[PDB]
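What follows is a single structure, written as structure tokens, with notes after it.
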Amino acid sequence: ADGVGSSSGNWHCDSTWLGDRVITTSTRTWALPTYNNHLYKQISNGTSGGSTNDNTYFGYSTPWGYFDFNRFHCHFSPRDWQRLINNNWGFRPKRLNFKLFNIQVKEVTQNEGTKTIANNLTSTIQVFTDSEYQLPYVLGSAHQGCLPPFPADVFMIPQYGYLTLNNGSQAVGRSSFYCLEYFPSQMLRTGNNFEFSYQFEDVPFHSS
Amino acid sequence: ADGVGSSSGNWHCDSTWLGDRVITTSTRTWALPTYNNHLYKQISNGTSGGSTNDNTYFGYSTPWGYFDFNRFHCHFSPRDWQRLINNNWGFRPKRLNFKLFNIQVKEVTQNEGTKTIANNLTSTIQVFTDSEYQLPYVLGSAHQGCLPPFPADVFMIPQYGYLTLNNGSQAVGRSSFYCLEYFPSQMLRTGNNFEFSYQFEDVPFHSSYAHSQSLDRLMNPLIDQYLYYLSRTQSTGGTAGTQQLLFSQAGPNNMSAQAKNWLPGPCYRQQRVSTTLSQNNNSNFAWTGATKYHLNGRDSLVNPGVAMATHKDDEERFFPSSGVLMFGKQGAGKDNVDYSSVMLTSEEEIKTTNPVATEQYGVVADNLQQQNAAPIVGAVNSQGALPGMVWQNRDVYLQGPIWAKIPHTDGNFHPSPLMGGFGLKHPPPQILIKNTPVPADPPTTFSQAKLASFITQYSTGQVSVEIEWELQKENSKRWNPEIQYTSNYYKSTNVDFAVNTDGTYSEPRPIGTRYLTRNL
Amino acid sequence: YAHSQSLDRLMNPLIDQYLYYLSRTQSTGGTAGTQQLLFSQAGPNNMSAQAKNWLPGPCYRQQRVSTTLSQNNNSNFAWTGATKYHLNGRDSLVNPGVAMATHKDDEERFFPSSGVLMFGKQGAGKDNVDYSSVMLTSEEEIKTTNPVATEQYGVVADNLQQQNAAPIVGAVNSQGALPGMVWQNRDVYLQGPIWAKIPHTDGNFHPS
Amino acid sequence: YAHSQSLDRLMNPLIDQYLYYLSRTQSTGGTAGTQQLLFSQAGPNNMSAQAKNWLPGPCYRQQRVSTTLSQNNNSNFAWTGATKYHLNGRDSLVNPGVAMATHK
Amino acid sequence: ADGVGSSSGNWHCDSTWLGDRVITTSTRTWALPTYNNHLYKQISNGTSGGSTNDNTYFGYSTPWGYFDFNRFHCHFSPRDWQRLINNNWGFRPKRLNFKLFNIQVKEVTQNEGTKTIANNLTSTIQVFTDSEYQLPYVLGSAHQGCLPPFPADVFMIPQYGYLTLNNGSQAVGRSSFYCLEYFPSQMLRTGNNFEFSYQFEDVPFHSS
Ligand SMILES: OC[C@H]1O[C@@H](O)[C@H](O)[C@@H](O)[C@H]1O
Ligand SMILES: OC[C@H]1O[C@@H](O)[C@H](O)[C@@H](O)[C@H]1O
Ligand SMILES: OC[C@H]1O[C@@H](O)[C@H](O)[C@@H](O)[C@H]1O
């Protein structure tokens, strides 16, 4: 059974080369802060300032963070990449598997000038996936915040926000507002772990 | 198994639209403080002070808090409300399911000027429901403290208190005192969770639609009636006015004279107030000219009153003084706030079957005529129920109450709440919650006096309420397009029903439920 | 049973209502009384102004008679000032009448003229017997849900206001049934009748 | 069918009621009219004063018109003196109206 | 299973009126201090002081506390007492059931002038019952310290002591000393709970 004194899962990094499959895996350590003091916030940029008409936007910045593994260097060591590109004409993803485990939650307080950090055992986190693609899909825009290339680094989970139709800085009628707490999500304490599986749709081999 | 390191339940917010059912669910995060330092307290207000005889009360304020989900905006997003009111004639609740989970309990202490908060793992909370309705039922009075409309907000559980029979500020013999610790309750630590199910008693669908016909126009415009009415009592066109009885069939020419099977709903008049300021009288008539009912020597303003049309055709600006529900815009003060802050609801759609709130129900005769005496017809300001009378209930709103508890009494007439809602004889049980008190260190030598020193403490956690709604699908042969509830097309500074720059959610306008039409 | 709560006090004494009412129609504290509409949430301070779901039972007024003799008028109003109903050219005294509270708080001595059941003490004459012989029943307990028999049901407006005309509110002496209205039936007594036969008719309203 | 009994006459003509009513509020036969409360049981003598379980049906009044012409007033009151109900700013004559006896 | 994060039992207060039985139940919250700094102490009062010969005693005061429910108001609300005495000639107890649950144990320390209190998860308490009546029976002397009449109060468990044969303040040869740690007892941490059942011996109805 789960508990505060037993680990949720194990560290895994490998590249398993078998036949025509290569299974690459990566594990990282992350730190997820509290964004916007738990607030949704309208964000916008108008032409009123030094901005031009091209740079205007309207959107919302949420408290939620998100994982981005979308860069290759996350899943391949430079040697694993070398085996790939030297020996092979093409490669395409088949399926992925994703895990959250070993969750520590820590409350930090300020007393005079000294900082102190202590475990909070009863606090939770909320993790959902959008399976039905009912959110603005923010990946694929080549934003920062991916898992580090090098497994020993700890990384910070980026904040989630999205952009919507605008006219200038003002919002039009078709502008959408998405409340992310309105999805079903799974709440995890320090003994809980999160996992799901995904299977890529058939896609033509990248031609290397 | 449960423990400090495993979550009790999961976050859920959805609207599941399947067939004639819609299952709406909501989860929030709450914080429950310690009220009255764990004391029951008599509270009362007498006429001795500046108070009048109408405002006096006697009652008790408990430590217990309670959950109130009774407003619609708790269970529906503004989009889920739009699917509802556009596509459907009626809806009624079927069953609900309610959950407490992920309970954190935290003790806070003061050292010099610095505050610190730390988990207390062994502390509990007490949660019971009154299933048998053995408590004053405090819901349905449209009090604050409901779950926020917007799921990201954390809310504070309101304190529970109740009022009892009084004479002045003093209590009479039939005054009841209820000790809430005297019920069985369930005590929960941080790994425990609480749940119960409830099933609504069969209740008539709230009718969301407008009539496409006024009540008096149900006639055929083409054909005359075979019935006769008394058109003229005096000889016409003659040099002498000697009376003669002359009769006529009513027809398309005079419809107001036709015989009709049905009468408008009952009328209890309101005072008329115009939004344009120069039209209203100069005085304060708000309380004095108000429509009141007198109960046990106390004049109680009638609010909102019986369901009655707000205004007649082509008068937008007039509204009944107490007649309409009034909602405040986000961040509106509690005292003497200007007109621009409140959102006045209006009933346009019941003009067909219901009388205008600010005008007389009709006219009746005050005397028996004679050749000597002229006929005199008096106005009817108040009209109770008469046979062959039809009316519409007040419209529910996205901000308004869902249900109310039909008082337990010998008799009632059309038991539906005047605020609008579903009158229920056994409403959802009200859920009471409290922090179990933890004593501060007692003395080392015994003393009978009860312990007045407690650890300052509060608890937080997650609450889920899931209601299954039954829908009445719209089936109509109407050719031309319906009116729908549509958001504004033109550009805006910020989106409606969404957070502003600073993070504050706001609801721009009240959304009534009836855009659809039916034949009367 | 009696209700432990009055009908208008069903509210929570602690919490304000999210509904607003019209508190003041005139500019307050200003040297000029120019009208302005001002709204307020009702709360523990003013309970009489809160929005309420339910209304008192129907009212058909009675004449008020005081047991203390010097308070009553000097005349015989028993038949003349009585509350009667006129059926087929015959005026029939309304006795006991609809169920209505006998008297309000801290008035013991007043009773409705025809409103209450009246039982005689053992060996009481049939004609013009003194007050001391009869036993007046009284309804204290329906004061919560029912109006007092000797007072008006309420007050309604008699006119449509204008800048020229002041608002005028008329009294409601008789009130039939309205939606959202609750009442208690008259109390049975040890000396009183057990049942009655509901006449056979097309329609009846709350046949008790 | 018609009822063979009026609503107020459902009583027994033979027997008195054990209930009392307020017959007289003033001292009778005395040189001074000082008020005194006096009670009586209703009986065959005064039936109009008896206690009754039931009340007549609801009433919404109509104007009275006589077929004999000289009795009616001289004017046209047909529309003006009519019993109307006001719905959405339109005055609609109440016809035939609630069920009520035509004449006594 | 028991643990620090799961409650031991539930709150119960009721009066169940069924036939000729009435089952009354009560739950309270208590606080048990540390008496005598964990010491047994001889206590005595002699005539040497202002005391007279009538007021002299010899006995021992223990660290142990004890529960006293022996007063009626513990088991009956004033309404439950009213149903009892109005409708019934006699009543006698049949059986009782007794429970300890939801035990918090807290260590308090002094630092300068500031007090602080914190959970001690590993500390225990010792609870036994004397079934064989091998102790001085201290109940029935109408001492204070019963459960409060009103369920919302928290009460303090009284200290346990007893008196023994004396001559003056001095002890005679038949004086007994009872060490309460010399009984078998059950030791409870914060997840443990204590319960036992008892069945009254047949006793004549109290005649009300
Ligand atoms: O002066 C105006 C006030 O009059 C009081 O009787 C009443 O409690 C208030 O609601 C307000 O009407
Ligand atoms: O003079 C007083 C009397 O008046 C009569 O009309 C009536 O029958 C009596 O009950 C009494 O009221
Ligand atoms: O002049 C008399 C006429 O008055 C009108 O208002 C009405 O339409 C007619 O039915 C008739 O009453």
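Naming scheme: A, B, ... for chains in displayed order of the structure tokens; residues 1 onward per chain; ligands 1 onward as shown.
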### Query
Would you name the residues within 7 Å of ligand 2, counting only C-alpha atoms and all ligand atoms, and put them as a ChimeraX atom specification?
/C:78-80 /D:23,46,48-49
Just N, CA, C and O atoms for this one: save the residues we selected as a short mmCIF file (atom, residue, chain, number, x, y, z; two decimals), in the first residue's frame.
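Saved the output as selection37.cif:
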data_model
loop_
_atom_site.label_atom_id
_atom_site.label_comp_id
_atom_site.auth_asym_id
_atom_site.auth_seq_id
_atom_site.Cartn_x
_atom_site.Cartn_y
_atom_site.Cartn_z
N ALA C 78 -73.10 44.01 18.20
CA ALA C 78 -72.95 42.57 18.04
C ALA C 78 -73.47 42.10 16.70
O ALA C 78 -72.76 41.42 15.95
N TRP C 79 -74.72 42.43 16.37
CA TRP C 79 -75.22 42.08 15.05
C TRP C 79 -74.81 43.09 13.99
O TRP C 79 -74.45 42.69 12.87
N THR C 80 -74.87 44.38 14.29
CA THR C 80 -74.67 45.38 13.24
C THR C 80 -73.23 45.39 12.75
O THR C 80 -72.98 45.28 11.55
N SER D 23 -74.40 37.75 21.52
CA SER D 23 -75.70 38.26 21.10
C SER D 23 -75.81 39.76 21.29
O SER D 23 -76.30 40.46 20.40
N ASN D 46 -83.04 32.15 16.04
CA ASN D 46 -82.09 32.83 15.16
C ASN D 46 -81.20 31.76 14.55
O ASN D 46 -80.30 31.24 15.21
N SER D 48 -79.62 32.60 11.57
CA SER D 48 -78.57 33.38 10.94
C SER D 48 -77.35 33.51 11.84
O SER D 48 -76.27 33.83 11.35
N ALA D 49 -77.51 33.28 13.13
CA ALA D 49 -76.42 33.42 14.08
C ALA D 49 -75.71 32.11 14.38
O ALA D 49 -74.75 32.12 15.15
#
Mind checking which residues fall within 7 Å of residue 155 of chain A, counting only C-alpha atoms, ignoring those fewer than 5 positions away in the same chain, and posting them as a PDB file with C-alpha atoms, in the first residue's frame?
ATOM      1  CA  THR A  29      12.931  15.780 -10.987  1.00  0.00           C
ATOM      2  CA  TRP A  30      10.607  18.769 -11.214  1.00  0.00           C
ATOM      3  CA  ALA A  31       9.437  21.632  -9.025  1.00  0.00           C
ATOM      4  CA  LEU A 147      12.619  18.472 -19.551  1.00  0.00           C
ATOM      5  CA  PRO A 148      16.355  19.173 -19.465  1.00  0.00           C
TER       6      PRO A 148
END
### Task
List all protein, DNA and RNA residues that have an atom no more than 10 Å from any atom of ligand 3, counting only C-alpha atoms and all ligand atoms, and report them as a VMD selection string.
(chain B and resid 229 to 233 248 250 253 to 258) or (chain D and resid 76 to 82 91 to 93)
### Query
Given a cut-off of 7 Å, which residues of chain A touch chain B, counting only C-alpha atoms, written out as a ChimeraX atom specification?
/A:3-4,39-43,121-122,170-173,177,181-192
### Message
Taking 5 positions as the minimum chain separation for residues in the same chain, which residues sit within 9 Å of residue 60 of chain D when counting only C-alpha atoms? Answer as an MDAnalysis selection string.
### Response
(chainID B and resid 364 386) or (chainID D and resid 83 97:98 100)
Let's have the selection written as a compact mmCIF listing (two decimals), in the first residue's frame, with N, CA, C and O atoms.
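Output saved as out.txt:
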# COMPACT_ATOMS: atom_id res chain seq x y z
N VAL B 364 -64.67 46.27 -10.62
CA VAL B 364 -65.95 45.68 -10.26
C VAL B 364 -66.90 46.79 -9.82
O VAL B 364 -66.49 47.91 -9.53
N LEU B 386 -59.67 32.67 -7.88
CA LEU B 386 -61.02 32.43 -8.35
C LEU B 386 -61.01 31.22 -9.27
O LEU B 386 -59.97 30.91 -9.86
N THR D 83 -67.96 44.96 -15.65
CA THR D 83 -66.95 44.30 -14.84
C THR D 83 -65.86 43.77 -15.75
O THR D 83 -66.10 42.84 -16.53
N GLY D 97 -68.00 35.10 -16.69
CA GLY D 97 -67.52 35.30 -15.35
C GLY D 97 -67.56 34.03 -14.54
O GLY D 97 -67.92 32.96 -15.02
N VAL D 98 -67.18 34.15 -13.27
CA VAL D 98 -67.24 33.00 -12.38
C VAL D 98 -68.69 32.61 -12.20
O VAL D 98 -69.61 33.42 -12.37
N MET D 100 -71.99 32.21 -10.67
CA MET D 100 -72.65 32.92 -9.60
C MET D 100 -74.13 32.95 -9.92
O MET D 100 -74.52 33.04 -11.09
Near chain C, which residues of chain D fall within 9 Å when you count only C-alpha atoms, and what do they look like as a CSV table (one decimal) with N, CA, C and O atoms, in the first residue's frame?
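Generated output (iface-v7.csv):
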chain,number,residue,atom,x,y,z
D,6,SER,N,-80.3,24.8,1.0
D,6,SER,CA,-79.3,25.9,0.9
D,6,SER,C,-78.1,25.7,1.8
D,6,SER,O,-78.2,24.8,2.7
D,7,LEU,N,-77.0,26.3,1.6
D,7,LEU,CA,-75.8,26.0,2.3
D,7,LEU,C,-75.8,26.4,3.7
D,7,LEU,O,-75.3,25.7,4.6
D,8,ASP,N,-76.5,27.5,4.1
D,8,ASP,CA,-76.6,27.9,5.4
D,8,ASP,C,-77.7,27.2,6.3
D,8,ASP,O,-77.6,27.4,7.5
D,16,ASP,N,-81.1,23.1,19.5
D,16,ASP,CA,-80.2,24.2,19.7
D,16,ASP,C,-78.7,23.8,19.5
D,16,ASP,O,-78.4,22.6,19.6
D,18,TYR,N,-74.8,23.7,20.9
D,18,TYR,CA,-74.1,23.9,22.2
D,18,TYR,C,-73.1,25.0,22.1
D,18,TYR,O,-72.5,25.4,23.2
D,19,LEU,N,-72.8,25.6,21.0
D,19,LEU,CA,-71.9,26.7,20.8
D,19,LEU,C,-72.7,28.0,21.2
D,19,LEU,O,-73.9,28.1,21.1
D,20,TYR,N,-71.9,29.0,21.6
D,20,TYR,CA,-72.4,30.3,21.9
D,20,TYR,C,-71.8,31.3,21.0
D,20,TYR,O,-70.8,31.1,20.4
D,21,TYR,N,-72.6,32.4,20.8
D,21,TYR,CA,-72.2,33.5,20.0
D,21,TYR,C,-72.4,34.8,20.9
D,21,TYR,O,-73.0,34.7,21.9
D,22,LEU,N,-71.9,35.9,20.4
D,22,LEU,CA,-72.1,37.2,21.1
D,22,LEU,C,-73.4,37.8,20.7
D,22,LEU,O,-73.4,38.3,19.6
D,23,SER,N,-74.4,37.7,21.5
D,23,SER,CA,-75.7,38.3,21.1
D,23,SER,C,-75.8,39.8,21.3
D,23,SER,O,-76.3,40.5,20.4
D,24,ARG,N,-75.4,40.3,22.4
D,24,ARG,CA,-75.6,41.6,22.8
D,24,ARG,C,-74.4,42.2,23.5
D,24,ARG,O,-73.9,41.6,24.4
D,25,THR,N,-73.9,43.3,23.1
D,25,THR,CA,-72.8,44.0,23.7
D,25,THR,C,-73.1,45.1,24.7
D,25,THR,O,-72.3,45.6,25.4
D,26,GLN,N,-74.4,45.3,24.9
D,26,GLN,CA,-74.9,46.4,25.7
D,26,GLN,C,-75.9,46.0,26.7
D,26,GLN,O,-76.6,45.0,26.5
D,27,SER,N,-75.9,46.6,27.9
D,27,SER,CA,-76.8,46.3,28.9
D,27,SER,C,-78.2,46.5,28.4
D,27,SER,O,-78.5,47.7,28.0
D,33,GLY,N,-76.9,52.7,29.4
D,33,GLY,CA,-76.5,51.8,28.4
D,33,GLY,C,-75.1,51.2,28.6
D,33,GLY,O,-74.4,50.8,27.6
D,34,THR,N,-74.6,51.2,29.8
D,34,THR,CA,-73.2,50.7,30.1
D,34,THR,C,-73.0,49.3,29.5
D,34,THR,O,-73.8,48.4,29.7
D,35,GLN,N,-71.9,49.2,28.7
D,35,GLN,CA,-71.8,48.0,28.0
D,35,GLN,C,-71.4,46.8,28.8
D,35,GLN,O,-70.7,46.9,29.9
D,36,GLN,N,-72.0,45.6,28.5
D,36,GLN,CA,-71.8,44.3,29.1
D,36,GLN,C,-71.8,43.3,28.0
D,36,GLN,O,-72.7,43.4,27.1
D,37,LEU,N,-71.0,42.3,28.1
D,37,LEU,CA,-70.9,41.2,27.1
D,37,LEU,C,-71.9,40.1,27.5
D,37,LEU,O,-71.8,39.6,28.6
D,38,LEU,N,-72.8,39.8,26.6
D,38,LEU,CA,-73.9,38.8,26.8
D,38,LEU,C,-73.9,37.8,25.7
D,38,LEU,O,-73.8,38.2,24.5
D,39,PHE,N,-73.9,36.5,26.0
D,39,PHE,CA,-73.8,35.5,25.1
D,39,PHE,C,-75.1,34.6,25.0
D,39,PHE,O,-75.9,34.6,25.9
D,40,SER,N,-75.3,33.9,23.9
D,40,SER,CA,-76.5,33.1,23.7
D,40,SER,C,-76.1,32.0,22.8
D,40,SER,O,-75.3,32.0,21.9
D,41,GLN,N,-76.9,30.9,23.0
D,41,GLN,CA,-76.8,29.8,22.1
D,41,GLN,C,-77.8,30.0,20.9
D,41,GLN,O,-78.9,30.4,21.2
D,42,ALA,N,-77.3,29.9,19.7
D,42,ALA,CA,-78.2,30.0,18.6
D,42,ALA,C,-79.1,28.8,18.5
D,42,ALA,O,-78.7,27.7,18.9
D,47,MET,N,-81.4,31.4,13.3
D,47,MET,CA,-80.6,30.6,12.5
D,47,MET,C,-79.4,31.3,11.9
D,47,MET,O,-78.3,30.8,11.7
D,48,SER,N,-79.6,32.6,11.6
D,48,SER,CA,-78.6,33.4,10.9
D,48,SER,C,-77.4,33.5,11.8
D,48,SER,O,-76.3,33.8,11.3
D,49,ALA,N,-77.5,33.3,13.1
D,49,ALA,CA,-76.4,33.4,14.1
D,49,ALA,C,-75.7,32.1,14.4
D,49,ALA,O,-74.8,32.1,15.2
D,50,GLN,N,-76.1,31.0,13.8
D,50,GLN,CA,-75.5,29.7,14.2
D,50,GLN,C,-74.1,29.6,13.6
D,50,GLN,O,-73.8,30.3,12.6
D,51,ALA,N,-73.3,28.8,14.2
D,51,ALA,CA,-72.0,28.5,13.7
D,51,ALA,C,-72.1,27.5,12.5
D,51,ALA,O,-72.9,26.6,12.6
D,52,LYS,N,-71.4,27.7,11.5
D,52,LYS,CA,-71.5,27.0,10.2
D,52,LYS,C,-70.1,26.5,9.8
D,52,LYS,O,-69.1,27.2,10.0
D,53,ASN,N,-70.1,25.3,9.2
D,53,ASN,CA,-68.8,24.8,8.8
D,53,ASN,C,-68.3,25.3,7.4
D,53,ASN,O,-67.1,25.2,7.2
D,54,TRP,N,-69.2,25.8,6.6
D,54,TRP,CA,-68.8,26.1,5.2
D,54,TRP,C,-69.3,27.5,4.8
D,54,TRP,O,-70.2,28.0,5.4
D,55,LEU,N,-68.6,28.0,3.8
D,55,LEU,CA,-68.9,29.3,3.2
D,55,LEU,C,-69.2,29.3,1.7
D,55,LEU,O,-68.8,28.3,1.0
D,56,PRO,N,-70.0,30.3,1.3
D,56,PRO,CA,-70.3,30.3,-0.2
D,56,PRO,C,-69.1,30.4,-1.0
D,56,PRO,O,-68.1,30.9,-0.6
D,57,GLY,N,-69.3,30.0,-2.3
D,57,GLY,CA,-68.2,30.1,-3.3
D,57,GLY,C,-67.7,31.5,-3.5
D,57,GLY,O,-68.4,32.4,-3.1
D,58,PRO,N,-66.6,31.6,-4.2
D,58,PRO,CA,-66.1,32.9,-4.4
D,58,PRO,C,-66.9,33.8,-5.3
D,58,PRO,O,-67.7,33.4,-6.1
D,101,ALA,N,-75.0,32.9,-8.9
D,101,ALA,CA,-76.4,32.9,-9.1
D,101,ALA,C,-76.8,34.1,-9.9
D,101,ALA,O,-76.2,35.2,-9.7
D,103,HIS,N,-79.8,35.7,-9.9
D,103,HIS,CA,-80.7,36.6,-9.1
D,103,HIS,C,-81.1,35.9,-7.9
D,103,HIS,O,-81.1,34.7,-7.8
D,104,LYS,N,-81.6,36.7,-6.9
D,104,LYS,CA,-82.0,36.1,-5.6
D,104,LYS,C,-83.5,35.8,-5.7
D,104,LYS,O,-84.1,35.9,-6.8
### Query
Using only C-alpha atoms and all ligand atoms, which protein or nucleic acid residues are at most 6 Å from ligand 1, as a ChimeraX atom specification?
/B:287 /C:46,49
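In this comparison, which uses only C-alpha atoms, the residue of B:471, B:267, B:431, B:301 approaching residue 139 of chain B most closely is B:431.
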Residues of chain B within 6 Å of chain C: nearest atom pair and distance (Å, one decimal) for each, counting only C-alpha atoms, sorted by chain and number, as a Markdown table?
| residue | atom | partner | partner_atom | distance |
| --- | --- | --- | --- | --- |
| B:54 | CA | C:48 | CA | 5.8 |
| B:55 | CA | C:47 | CA | 5.5 |
| B:138 | CA | C:12 | CA | 5.6 |
| B:141 | CA | C:11 | CA | 5.4 |
| B:142 | CA | C:17 | CA | 5.4 |
| B:143 | CA | C:17 | CA | 3.9 |
| B:144 | CA | C:18 | CA | 5.2 |
| B:161 | CA | C:12 | CA | 5.7 |
| B:162 | CA | C:12 | CA | 5.3 |
| B:164 | CA | C:5 | CA | 4.8 |
| B:165 | CA | C:5 | CA | 5.3 |
| B:175 | CA | C:4 | CA | 5.9 |
| B:269 | CA | C:156 | CA | 5.7 |
| B:271 | CA | C:157 | CA | 5.8 |
| B:279 | CA | C:163 | CA | 5.3 |
| B:280 | CA | C:163 | CA | 5.0 |
| B:281 | CA | C:163 | CA | 3.8 |
| B:282 | CA | C:35 | CA | 5.6 |
| B:284 | CA | C:25 | CA | 5.1 |
| B:286 | CA | C:24 | CA | 5.5 |
| B:289 | CA | C:167 | CA | 5.7 |
| B:291 | CA | C:156 | CA | 4.8 |
| B:292 | CA | C:155 | CA | 5.2 |
| B:293 | CA | C:154 | CA | 3.8 |
| B:294 | CA | C:154 | CA | 4.7 |
| B:295 | CA | C:147 | CA | 5.5 |
| B:296 | CA | C:104 | CA | 5.1 |
| B:300 | CA | C:48 | CA | 4.6 |
| B:301 | CA | C:49 | CA | 5.3 |
| B:303 | CA | C:51 | CA | 4.6 |
| B:326 | CA | C:20 | CA | 4.9 |
| B:327 | CA | C:19 | CA | 5.5 |
| B:334 | CA | C:41 | CA | 5.2 |
| B:335 | CA | C:40 | CA | 4.6 |
| B:336 | CA | C:38 | CA | 4.9 |
| B:337 | CA | C:39 | CA | 5.1 |
| B:338 | CA | C:38 | CA | 4.8 |
| B:339 | CA | C:37 | CA | 5.7 |
| B:384 | CA | C:176 | CA | 4.2 |
| B:385 | CA | C:177 | CA | 5.3 |
| B:409 | CA | C:184 | CA | 5.9 |
| B:410 | CA | C:184 | CA | 4.9 |
| B:411 | CA | C:183 | CA | 5.5 |
| B:412 | CA | C:182 | CA | 4.3 |
| B:413 | CA | C:179 | CA | 5.4 |
| B:414 | CA | C:179 | CA | 5.0 |
| B:415 | CA | C:180 | CA | 4.9 |
| B:416 | CA | C:180 | CA | 5.4 |
| B:417 | CA | C:53 | CA | 4.8 |
| B:418 | CA | C:53 | CA | 4.7 |
| B:419 | CA | C:53 | CA | 5.7 |
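Of the residues in segment 200-428 of chain B, those that DSSP places in helix (DSSP H, G or I) on the basis of the backbone are residues 215, 216, 217, 277, 278, 279, 339, 340, 341, 349, 350 and 351 of chain B.
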### Query
Which neighbours of residue 73 of chain D fall inside 12 Å, counting only C-alpha atoms, when residues of the same chain fewer than 6 positions from it are skipped, and could you give them as a PyMOL selection string?
(chain B and resi 233-234+241-245+368-376) or (chain D and resi 63-67+81)
### Message
Would you pick out the contacts of residue 205 of chain E at 7 Å or less, using only C-alpha atoms, so that residues sharing its chain but fewer than 6 positions from it are not included, and give the list as a VMD selection string?
### Response
chain E and resid 90 to 92
### Task
Identify, on the basis of only C-alpha atoms, every residue whose closest approach to residue 115 of chain E does not exceed 10 Å; exclude the query and any residue fewer than 3 positions from it along the same chain; express the result as a PyMOL selection string.
(chain B and resi 109-111+441) or (chain E and resi 108-112)
Save out the residues we just selected, N, CA and C atoms, as a compact mmCIF listing (two decimals), in the first residue's frame.
# COMPACT_ATOMS: atom_id res chain seq x y z
N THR B 109 -1.14 29.44 15.73
CA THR B 109 -0.78 30.00 17.02
C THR B 109 -0.14 31.37 16.82
N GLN B 110 -0.17 32.16 17.89
CA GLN B 110 0.40 33.50 17.90
C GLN B 110 1.60 33.54 18.82
N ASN B 111 2.73 34.01 18.29
CA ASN B 111 3.95 34.20 19.05
C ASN B 111 4.45 35.60 18.75
N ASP B 441 -4.12 23.28 27.44
CA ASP B 441 -3.71 22.52 28.60
C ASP B 441 -4.55 22.86 29.83
N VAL E 108 3.19 19.81 25.92
CA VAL E 108 3.29 21.25 26.02
C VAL E 108 4.60 21.62 26.69
N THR E 109 5.28 22.62 26.14
CA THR E 109 6.57 23.04 26.67
C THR E 109 6.58 24.54 26.89
N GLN E 110 7.48 24.98 27.76
CA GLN E 110 7.64 26.39 28.10
C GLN E 110 8.98 26.89 27.58
N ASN E 111 8.94 27.97 26.81
CA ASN E 111 10.13 28.63 26.30
C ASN E 111 9.98 30.11 26.60
N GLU E 112 10.87 30.64 27.44
CA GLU E 112 10.68 31.98 27.99
C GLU E 112 9.28 32.10 28.57
